[PDB]
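As stored in protein24.tsv (TSV, N, CA and C atoms):
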```tsv
chain	number	residue	atom	x	y	z
A	150	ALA	N	146.31	-211.95	69.15
A	150	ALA	CA	147.32	-212.03	70.21
A	150	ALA	C	148.26	-210.84	70.04
A	151	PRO	N	148.59	-210.14	71.14
A	151	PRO	CA	149.50	-209.00	70.98
A	151	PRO	C	150.87	-209.44	70.45
A	152	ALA	N	151.43	-208.64	69.55
A	152	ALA	CA	152.72	-208.97	68.94
A	152	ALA	C	153.81	-209.10	70.00
A	153	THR	N	153.70	-208.30	71.06
A	153	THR	CA	154.67	-208.35	72.16
A	153	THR	C	153.95	-208.13	73.48
A	154	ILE	N	154.56	-208.61	74.56
A	154	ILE	CA	154.02	-208.36	75.89
A	154	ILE	C	155.23	-207.82	76.65
A	155	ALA	N	155.17	-206.53	76.96
A	155	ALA	CA	156.26	-205.85	77.65
A	155	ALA	C	156.39	-206.24	79.11
A	156	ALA	N	157.56	-206.00	79.69
A	156	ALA	CA	157.77	-206.29	81.10
A	156	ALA	C	156.68	-205.59	81.89
A	157	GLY	N	156.01	-206.33	82.78
A	157	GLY	CA	154.95	-205.76	83.59
A	157	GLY	C	153.55	-205.73	83.00
A	158	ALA	N	153.41	-206.15	81.74
A	158	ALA	CA	152.12	-206.12	81.07
A	158	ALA	C	151.40	-207.46	81.00
A	159	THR	N	150.10	-207.38	80.75
A	159	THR	CA	149.25	-208.55	80.59
A	159	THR	C	148.60	-208.48	79.20
A	160	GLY	N	148.71	-209.56	78.43
A	160	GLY	CA	148.12	-209.58	77.10
A	160	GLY	C	146.97	-210.56	77.05
A	161	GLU	N	146.00	-210.30	76.17
A	161	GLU	CA	144.84	-211.18	76.03
A	161	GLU	C	144.89	-211.83	74.66
A	162	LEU	N	144.59	-213.13	74.60
A	162	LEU	CA	144.63	-213.84	73.32
A	162	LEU	C	143.33	-214.58	73.07
A	163	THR	N	143.01	-214.77	71.79
A	163	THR	CA	141.83	-215.52	71.40
A	163	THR	C	142.28	-216.42	70.24
A	164	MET	N	141.84	-217.67	70.27
A	164	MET	CA	142.21	-218.62	69.24
A	164	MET	C	141.03	-219.56	68.98
A	165	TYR	N	140.89	-219.99	67.72
A	165	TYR	CA	139.83	-220.94	67.37
A	165	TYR	C	140.42	-222.10	66.59
A	166	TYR	N	139.91	-223.30	66.85
A	166	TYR	CA	140.32	-224.50	66.12
A	166	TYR	C	139.07	-225.23	65.68
A	167	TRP	N	139.07	-225.77	64.47
A	167	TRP	CA	137.94	-226.59	64.03
A	167	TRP	C	138.48	-228.02	64.03
A	168	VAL	N	137.89	-228.89	64.84
A	168	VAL	CA	138.30	-230.30	64.90
A	168	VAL	C	137.31	-231.02	64.00
A	169	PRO	N	137.76	-231.46	62.81
A	169	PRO	CA	136.85	-232.13	61.89
A	169	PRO	C	136.63	-233.62	62.08
A	170	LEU	N	135.42	-234.07	61.76
A	170	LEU	CA	135.10	-235.50	61.75
A	170	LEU	C	134.75	-235.63	60.25
A	171	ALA	N	133.71	-234.91	59.83
A	171	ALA	CA	133.31	-234.89	58.41
A	171	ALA	C	134.39	-234.11	57.66
A	172	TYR	N	134.63	-234.46	56.41
A	172	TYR	CA	135.62	-233.77	55.60
A	172	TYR	C	135.24	-232.31	55.35
A	173	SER	N	133.97	-232.06	55.05
A	173	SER	CA	133.50	-230.69	54.80
A	173	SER	C	132.02	-230.58	55.07
A	174	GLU	N	131.45	-229.41	54.78
A	174	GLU	CA	130.02	-229.20	54.99
A	174	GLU	C	129.17	-230.03	54.02
A	175	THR	N	129.74	-230.37	52.86
A	175	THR	CA	129.01	-231.13	51.86
A	175	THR	C	129.48	-232.56	51.66
A	176	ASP	N	130.67	-232.88	52.16
A	176	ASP	CA	131.21	-234.23	52.04
A	176	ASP	C	131.26	-234.81	53.46
A	177	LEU	N	130.34	-235.72	53.76
A	177	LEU	CA	130.26	-236.32	55.09
A	177	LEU	C	131.22	-237.48	55.38
A	178	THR	N	132.20	-237.69	54.50
A	178	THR	CA	133.19	-238.73	54.72
A	178	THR	C	133.89	-238.40	56.05
A	179	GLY	N	133.91	-239.37	56.96
A	179	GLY	CA	134.55	-239.15	58.24
A	179	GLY	C	133.61	-238.73	59.36
A	180	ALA	N	132.36	-238.41	59.04
A	180	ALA	CA	131.40	-238.01	60.05
A	180	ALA	C	131.12	-239.17	61.01
A	181	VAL	N	130.55	-238.86	62.17
A	181	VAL	CA	130.26	-239.87	63.18
A	181	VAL	C	128.79	-239.91	63.55
A	182	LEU	N	128.20	-241.11	63.51
A	182	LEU	CA	126.81	-241.27	63.88
A	182	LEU	C	126.79	-241.53	65.39
A	183	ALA	N	126.26	-240.59	66.15
A	183	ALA	CA	126.22	-240.73	67.59
A	183	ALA	C	124.79	-240.70	68.13
A	184	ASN	N	124.10	-241.82	67.99
A	184	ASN	CA	122.72	-241.93	68.47
A	184	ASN	C	122.59	-243.17	69.36
A	185	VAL	N	123.71	-243.61	69.92
A	185	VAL	CA	123.73	-244.78	70.79
A	185	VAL	C	123.92	-244.37	72.25
A	186	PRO	N	122.81	-244.25	73.00
A	186	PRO	CA	122.88	-243.86	74.41
A	186	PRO	C	123.75	-244.82	75.22
A	187	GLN	N	124.23	-245.11	75.60
A	187	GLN	CA	125.16	-245.31	76.76
A	187	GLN	C	126.64	-245.00	76.52
A	188	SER	N	127.00	-244.78	75.25
A	188	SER	CA	128.29	-244.95	74.57
A	188	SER	C	128.74	-243.54	74.19
A	189	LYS	N	129.62	-242.95	74.99
A	189	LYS	CA	130.05	-241.58	74.73
A	189	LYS	C	131.32	-241.37	73.90
A	190	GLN	N	131.42	-240.17	73.34
A	190	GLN	CA	132.57	-239.78	72.55
A	190	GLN	C	133.51	-239.10	73.55
A	191	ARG	N	134.72	-238.82	73.11
A	191	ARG	CA	135.70	-238.16	73.97
A	191	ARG	C	136.51	-237.20	73.13
A	192	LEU	N	136.56	-235.94	73.54
A	192	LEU	CA	137.37	-234.96	72.85
A	192	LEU	C	138.37	-234.50	73.90
A	193	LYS	N	139.62	-234.97	73.80
A	193	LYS	CA	140.64	-234.60	74.77
A	193	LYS	C	141.43	-233.40	74.30
A	194	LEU	N	141.50	-232.39	75.15
A	194	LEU	CA	142.24	-231.17	74.83
A	194	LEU	C	143.39	-231.02	75.82
A	195	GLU	N	144.62	-230.94	75.31
A	195	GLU	CA	145.79	-230.75	76.15
A	195	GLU	C	146.30	-229.33	75.87
A	196	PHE	N	146.16	-228.46	76.86
A	196	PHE	CA	146.54	-227.06	76.70
A	196	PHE	C	147.98	-226.71	77.03
A	197	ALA	N	148.40	-225.54	76.57
A	197	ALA	CA	149.73	-225.03	76.88
A	197	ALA	C	149.76	-224.72	78.38
A	198	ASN	N	150.96	-224.65	78.96
A	198	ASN	CA	151.14	-224.25	80.36
A	198	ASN	C	152.39	-223.37	80.38
B	1	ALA	N	151.63	-238.09	13.27
B	1	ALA	CA	153.07	-238.39	13.22
B	1	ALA	C	153.68	-238.23	11.83
B	2	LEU	N	154.78	-237.52	11.78
B	2	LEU	CA	155.68	-237.58	10.61
B	2	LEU	C	157.02	-238.23	10.79
B	3	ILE	N	157.33	-239.16	9.91
B	3	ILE	CA	158.68	-239.73	9.86
B	3	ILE	C	159.45	-239.21	8.65
B	4	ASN	N	160.75	-238.79	8.92
B	4	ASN	CA	161.48	-238.20	7.81
B	4	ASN	C	162.75	-238.92	7.46
B	5	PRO	N	162.90	-239.36	6.27
B	5	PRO	CA	164.03	-240.12	5.76
B	5	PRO	C	164.93	-239.18	5.05
B	6	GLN	N	166.23	-239.22	5.29
B	6	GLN	CA	166.91	-240.14	6.12
B	6	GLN	C	166.98	-239.95	7.60
B	7	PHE	N	166.42	-238.84	8.29
B	7	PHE	CA	166.49	-238.97	9.61
B	7	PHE	C	165.25	-239.63	10.05
B	8	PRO	N	165.25	-240.82	10.28
B	8	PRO	CA	164.09	-241.54	10.69
B	8	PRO	C	163.95	-241.53	12.22
B	9	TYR	N	162.72	-241.52	12.67
B	9	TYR	CA	162.37	-241.70	14.07
B	9	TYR	C	162.66	-243.10	14.43
B	10	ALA	N	163.46	-243.39	15.78
B	10	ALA	CA	163.94	-244.55	16.08
B	10	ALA	C	162.75	-245.43	15.94
B	11	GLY	N	162.92	-246.67	15.67
B	11	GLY	CA	161.81	-247.59	15.53
B	11	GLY	C	161.35	-248.11	16.82
B	12	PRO	N	161.45	-247.53	17.86
B	12	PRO	CA	161.09	-247.94	19.17
B	12	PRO	C	161.87	-247.15	20.04
B	13	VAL	N	161.51	-247.11	21.34
B	13	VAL	CA	162.33	-246.88	22.59
B	13	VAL	C	162.81	-248.31	22.77
B	14	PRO	N	164.14	-248.43	22.78
B	14	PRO	CA	164.78	-249.74	22.85
B	14	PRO	C	165.24	-250.14	24.28
B	15	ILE	N	166.01	-251.20	24.26
B	15	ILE	CA	166.47	-251.94	25.39
B	15	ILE	C	167.35	-251.41	26.35
B	16	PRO	N	167.81	-250.20	26.29
B	16	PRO	CA	168.68	-249.37	27.08
B	16	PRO	C	167.82	-248.69	28.11
B	17	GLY	N	166.60	-248.91	28.18
B	17	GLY	CA	165.82	-248.24	29.24
B	17	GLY	C	166.20	-248.70	30.68
B	18	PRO	N	166.15	-247.75	31.67
B	18	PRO	CA	166.53	-247.96	33.11
B	18	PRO	C	165.31	-248.26	33.91
B	19	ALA	N	165.21	-249.65	34.31
B	19	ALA	CA	164.05	-250.08	35.09
B	19	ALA	C	164.37	-249.52	36.45
B	20	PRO	N	163.61	-248.62	36.94
B	20	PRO	CA	163.94	-247.95	38.19
B	20	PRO	C	163.48	-248.53	39.48
B	21	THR	N	162.56	-249.41	39.39
B	21	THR	CA	161.99	-249.89	40.65
B	21	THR	C	161.25	-251.11	40.39
B	22	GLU	N	160.86	-251.98	41.60
B	22	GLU	CA	160.03	-253.02	41.50
B	22	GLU	C	158.76	-252.72	42.30
B	23	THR	N	158.66	-251.52	42.76
B	23	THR	CA	157.51	-251.01	43.54
B	23	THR	C	156.34	-250.84	42.63
B	24	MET	N	155.67	-251.85	42.48
B	24	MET	CA	154.57	-251.95	41.57
B	24	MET	C	153.52	-252.41	42.10
B	25	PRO	N	153.66	-252.77	43.59
B	25	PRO	CA	152.63	-253.59	44.22
B	25	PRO	C	151.73	-252.81	45.12
B	26	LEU	N	150.52	-253.08	44.89
B	26	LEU	CA	149.44	-252.51	45.70
B	26	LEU	C	149.06	-253.69	46.59
B	27	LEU	N	149.27	-253.45	47.84
B	27	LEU	CA	148.91	-254.60	48.76
B	27	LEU	C	147.40	-254.53	49.00
B	28	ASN	N	146.65	-255.61	48.67
B	28	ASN	CA	145.24	-255.72	48.90
B	28	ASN	C	144.96	-255.40	50.33
B	29	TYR	N	143.86	-254.76	50.50
B	29	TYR	CA	143.44	-254.30	51.81
B	29	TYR	C	142.56	-255.34	52.41
B	30	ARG	N	142.79	-255.75	53.61
B	30	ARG	CA	141.85	-256.71	54.20
B	30	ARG	C	141.26	-256.00	55.44
B	31	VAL	N	139.90	-255.92	55.67
B	31	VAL	CA	139.40	-255.18	56.85
B	31	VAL	C	138.04	-255.65	57.36
B	32	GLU	N	137.72	-255.45	58.61
B	32	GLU	CA	136.40	-255.79	59.22
B	32	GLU	C	135.83	-254.50	59.82
B	33	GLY	N	134.67	-254.09	59.40
B	33	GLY	CA	134.16	-252.76	59.83
B	33	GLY	C	132.81	-252.89	60.47
B	34	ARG	N	132.74	-252.35	61.69
B	34	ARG	CA	131.57	-252.47	62.57
B	34	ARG	C	131.09	-251.09	63.08
B	35	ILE	N	129.88	-250.72	62.68
B	35	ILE	CA	129.28	-249.38	63.11
B	35	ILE	C	128.04	-249.70	63.98
B	36	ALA	N	128.31	-250.07	65.26
B	36	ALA	CA	127.20	-250.60	66.15
B	36	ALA	C	126.63	-250.11	67.34
B	37	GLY	N	126.61	-248.91	67.65
B	37	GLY	CA	126.19	-248.06	68.72
B	37	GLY	C	124.68	-248.31	68.85
B	38	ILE	N	124.20	-248.29	70.03
B	38	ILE	CA	122.79	-248.44	70.32
B	38	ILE	C	122.03	-247.28	69.63
B	39	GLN	N	120.96	-247.62	68.96
B	39	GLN	CA	120.14	-246.57	68.30
B	39	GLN	C	118.96	-246.25	69.13
B	40	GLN	N	118.51	-245.12	69.59
B	40	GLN	CA	117.19	-244.90	70.27
B	40	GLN	C	116.11	-244.42	69.34
B	41	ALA	N	114.99	-245.00	69.39
B	41	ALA	CA	113.89	-244.64	68.40
B	41	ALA	C	113.38	-243.27	68.54
B	42	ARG	N	113.89	-242.25	68.36
B	42	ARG	CA	113.25	-240.92	68.41
B	42	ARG	C	114.27	-239.83	68.20
B	43	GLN	N	113.86	-238.71	67.73
B	43	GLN	CA	114.68	-237.48	67.50
B	43	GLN	C	113.85	-236.34	67.93
B	44	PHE	N	114.35	-235.32	68.48
B	44	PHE	CA	113.49	-234.22	68.79
B	44	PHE	C	113.52	-233.17	67.76
B	45	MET	N	112.43	-232.52	67.36
B	45	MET	CA	112.45	-231.36	66.43
B	45	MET	C	111.65	-230.29	66.98
B	46	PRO	N	111.59	-228.95	66.53
B	46	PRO	CA	110.76	-228.06	66.72
B	46	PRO	C	109.51	-228.48	66.06
B	47	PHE	N	109.31	-228.66	64.99
B	47	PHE	CA	108.12	-229.12	64.36
B	47	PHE	C	108.27	-229.91	63.23
B	48	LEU	N	107.72	-231.04	63.09
B	48	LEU	CA	107.72	-231.80	61.87
B	48	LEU	C	106.30	-232.06	61.49
B	49	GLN	N	105.77	-232.41	60.21
B	49	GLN	CA	104.61	-232.67	59.85
B	49	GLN	C	103.44	-231.69	60.01
B	50	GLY	N	103.61	-230.51	60.36
B	50	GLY	CA	102.46	-229.58	60.49
B	50	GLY	C	102.24	-228.74	59.27
B	51	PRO	N	101.02	-228.47	58.89
B	51	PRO	CA	100.69	-227.60	57.77
B	51	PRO	C	99.93	-226.39	58.28
B	52	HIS	N	100.69	-225.49	58.82
B	52	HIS	CA	100.22	-224.38	59.60
B	52	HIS	C	99.25	-223.47	58.87
B	53	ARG	N	98.31	-222.93	59.61
B	53	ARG	CA	97.33	-222.05	58.95
B	53	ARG	C	97.95	-220.70	58.61
B	54	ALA	N	97.78	-220.26	57.37
B	54	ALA	CA	98.28	-218.94	56.92
B	54	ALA	C	97.22	-217.88	57.27
B	55	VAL	N	96.01	-218.28	57.28
B	55	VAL	CA	94.91	-217.38	57.74
B	55	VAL	C	93.89	-218.30	58.18
B	56	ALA	N	93.17	-218.04	59.20
B	56	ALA	CA	92.06	-218.91	59.49
B	56	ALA	C	90.81	-218.22	58.93
B	57	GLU	N	89.71	-218.89	58.97
B	57	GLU	CA	88.47	-218.29	58.60
B	57	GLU	C	88.01	-217.68	59.88
B	58	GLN	N	87.01	-216.92	59.76
B	58	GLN	CA	86.33	-216.43	60.99
B	58	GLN	C	85.48	-217.60	61.50
B	59	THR	N	85.37	-217.85	62.71
B	59	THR	CA	84.65	-218.93	63.41
B	59	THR	C	83.75	-218.37	64.51
B	60	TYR	N	82.68	-219.08	64.87
B	60	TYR	CA	81.71	-218.55	65.86
B	60	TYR	C	80.91	-219.55	66.56
B	61	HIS	N	80.19	-219.31	67.64
B	61	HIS	CA	79.21	-220.03	68.39
B	61	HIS	C	77.88	-219.26	68.25
B	62	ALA	N	76.76	-219.78	68.75
B	62	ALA	CA	75.46	-219.18	68.57
B	62	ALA	C	74.49	-219.34	69.74
B	63	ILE	N	73.68	-218.32	69.92
B	63	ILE	CA	72.67	-218.27	70.95
B	63	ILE	C	71.46	-217.45	70.59
B	64	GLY	N	70.30	-217.69	71.06
B	64	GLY	CA	69.18	-216.88	70.97
B	64	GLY	C	68.40	-216.92	72.07
B	65	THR	N	67.69	-216.30	72.62
B	65	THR	CA	66.72	-216.46	73.51
B	65	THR	C	65.80	-215.48	73.87
B	66	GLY	N	64.56	-215.73	74.08
B	66	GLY	CA	63.67	-214.75	74.58
B	66	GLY	C	62.38	-214.98	74.61
B	67	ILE	N	61.25	-214.08	74.58
B	67	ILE	CA	60.01	-214.36	74.32
B	67	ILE	C	59.34	-213.44	73.33
B	68	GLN	N	58.18	-213.51	73.06
B	68	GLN	CA	57.36	-212.75	72.11
B	68	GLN	C	56.53	-211.79	72.92
B	69	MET	N	56.91	-210.60	73.03
B	69	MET	CA	56.16	-209.62	73.81
B	69	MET	C	56.01	-208.36	73.07
B	70	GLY	N	54.95	-207.60	73.19
B	70	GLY	CA	54.77	-206.28	72.51
B	70	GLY	C	53.78	-205.18	72.98
B	71	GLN	N	54.11	-203.93	72.79
B	71	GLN	CA	53.22	-202.75	73.15
B	71	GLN	C	52.84	-202.23	71.74
B	72	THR	N	51.55	-202.06	71.43
B	72	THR	CA	51.10	-201.62	70.05
B	72	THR	C	50.08	-200.49	70.16
B	73	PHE	N	50.07	-199.71	69.12
B	73	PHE	CA	49.22	-198.53	68.76
B	73	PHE	C	48.80	-198.87	67.28
B	74	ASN	N	47.45	-198.73	67.03
B	74	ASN	CA	46.71	-199.01	65.82
B	74	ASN	C	46.16	-197.68	65.16
B	75	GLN	N	46.01	-197.84	63.83
B	75	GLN	CA	45.37	-196.73	63.00
B	75	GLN	C	43.83	-196.76	63.37
B	76	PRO	N	43.34	-195.58	63.30
B	76	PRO	CA	41.97	-195.28	63.56
B	76	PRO	C	41.16	-195.92	62.37
B	77	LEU	N	39.83	-196.06	62.89
B	77	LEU	CA	38.85	-196.49	61.86
B	77	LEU	C	38.58	-195.45	60.74
B	78	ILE	N	38.27	-195.72	59.56
B	78	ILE	CA	38.00	-194.79	58.46
B	78	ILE	C	36.76	-195.19	57.73
B	79	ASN	N	36.12	-194.14	57.09
B	79	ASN	CA	34.93	-194.49	56.22
B	79	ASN	C	35.35	-195.37	55.09
B	80	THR	N	34.59	-196.40	54.81
B	80	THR	CA	34.86	-197.26	53.68
B	80	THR	C	34.30	-196.66	52.41
B	81	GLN	N	35.15	-196.52	51.44
B	81	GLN	CA	34.88	-195.96	50.14
B	81	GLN	C	33.76	-196.67	49.37
B	82	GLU	N	34.11	-197.77	48.79
B	82	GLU	CA	33.27	-198.45	47.81
B	82	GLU	C	33.12	-199.89	48.22
B	83	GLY	N	32.34	-200.60	47.44
B	83	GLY	CA	32.12	-202.04	47.62
B	83	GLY	C	30.92	-202.29	48.52
```

So that I can check it, write out the structure of this file as structure tokens.
Amino acid sequence: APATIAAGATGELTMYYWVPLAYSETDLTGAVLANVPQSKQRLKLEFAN
Amino acid sequence: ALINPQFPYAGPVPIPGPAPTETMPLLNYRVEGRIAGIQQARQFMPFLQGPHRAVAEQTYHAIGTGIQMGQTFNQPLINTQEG
């Protein structure tokens, strides 16, 4: 993200988030078994405005 | 441990100690846990169970056909030697 955005300018930003279920790549504590067809998961994202 | 007389090590931590809390209790956990989503019998993979050929042998089919035909030229007659 640009440190500053001057009057009249447009800045571009990139951001990444990892939303964990499992604790880590080797510790599956918290993971979710999703093999039940009719029954969906929901990941709600509320963005800045 | 060394004890040295006359300065002896108190014979205990005595009764002047400050009990700081009664927070000693771990409340037992009571819970009901249900992991029940419909399971479907199948998973898709690229390949499971195959033991792929690293080299094949050479393989073939077979045919023959024809008849017995011929054009011939013979050696001339010769004088017989002996017998």

Interface residues on chain B facing chain A, 8 Å, all atoms listed in the file, written as a ChimeraX atom specification: /B:36-41

Length of the atom C of residue 165 (chain A) to atom C of residue 153 (chain A) vector [Å]: 20.6 Å

Å distance separating CA of residue 170 (chain A) from CA of residue 195 (chain A), one decimal place: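 Taking CA of residue 170 (chain A) as the start and CA of residue 195 (chain A) as the end point, the length is 18.6 Å.
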
CA of residue 193 (chain A) to atom N of residue 162 (chain A), straight-line distance in Å: 21.8 Å
